[PDB]
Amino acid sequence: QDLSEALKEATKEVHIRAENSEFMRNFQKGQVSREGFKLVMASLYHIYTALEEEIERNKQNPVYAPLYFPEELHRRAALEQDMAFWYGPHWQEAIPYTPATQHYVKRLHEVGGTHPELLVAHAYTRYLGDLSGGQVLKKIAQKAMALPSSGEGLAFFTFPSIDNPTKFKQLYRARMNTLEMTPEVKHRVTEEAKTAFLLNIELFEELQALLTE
């Protein structure tokens, strides 16, 4: 069974759970506040920062390299733009770094530094979601918060170097499927993708609590 399939199958249950966190339920109904949107976007800033640091560290390592698509996919620069938009020119000292965000970053570093053959799980879990359901989430955010079609404040959701997310996502899958795979690696990769999903659920749980306090 192809890795791209193994991953989709292994994470379909947890994805349903992630969509139904209180925060994402509220987000999907169009109930997202500037305050809640800023918190999640600032948390993604840190998460993608760490993910992309580890991607760069491992760019030439054959357990990751077929997935090295910085120009098309990387989000740090977009998130920086969004932080300037939502937090102002001194955003770097204004943005929060929550404990659940710290926890996700810590695991990212563990993987990139000690278990790089698992880094595909983490890239799959964030980027493939961004290219599919993230585009739906984009449209809800825009409508909720009166964000302009010109894209300010939603740079994260915009892929100016990908013409067509569906076709790119098929390419990314195809390339995933060229990674050297043994039963060992495959089984652990799909386990780590479940953990990546859980780290996201735990973030959403935390942000909801911070918003309700």
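Between two forms, the rigid core is the largest collection of C-alphas that superpose within 1.5 Å. When you see a residue number, it is the position in the sequence shown, counting from 1.
- Put simply, when the other structures in 9 other deposited structures of this protein are lined up on the rigid core, the C-alpha atoms of 30-38 lie farther off than those of the other stretch, from 52-60 and 30-38.
- Stretch comparison, 140-148 versus 168-176: after rigid core superposition, larger RMS CA deviation in 9 other deposited structures of this protein is found for 140-148.
- The PDB entry reports B-factors from which the mean C-alpha value can be compared for 74-82 and 89-97; the larger average falls on 89-97.
- Comparing 39-47 with 177-185, the higher mean C-alpha B-factor in the PDB entry belongs to 177-185.
- For the set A146, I55, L154, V32, the maximum C-alpha B-factor listed in the entry falls on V32.
- Among all modelled residues in this chain, the alpha-carbon of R17 has a temperature factor (C-alpha) in the middle third.
- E9: CA B factor in the highest third of modelled residues in this chain (values from the PDB entry).
- Placement of the Cα temperature factor of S132 within the chain: highest third of the modelled residues, per the deposited record.
- Sort the chain's modelled residues by C-alpha temperature factor and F23 lands in the highest third, per the entry.
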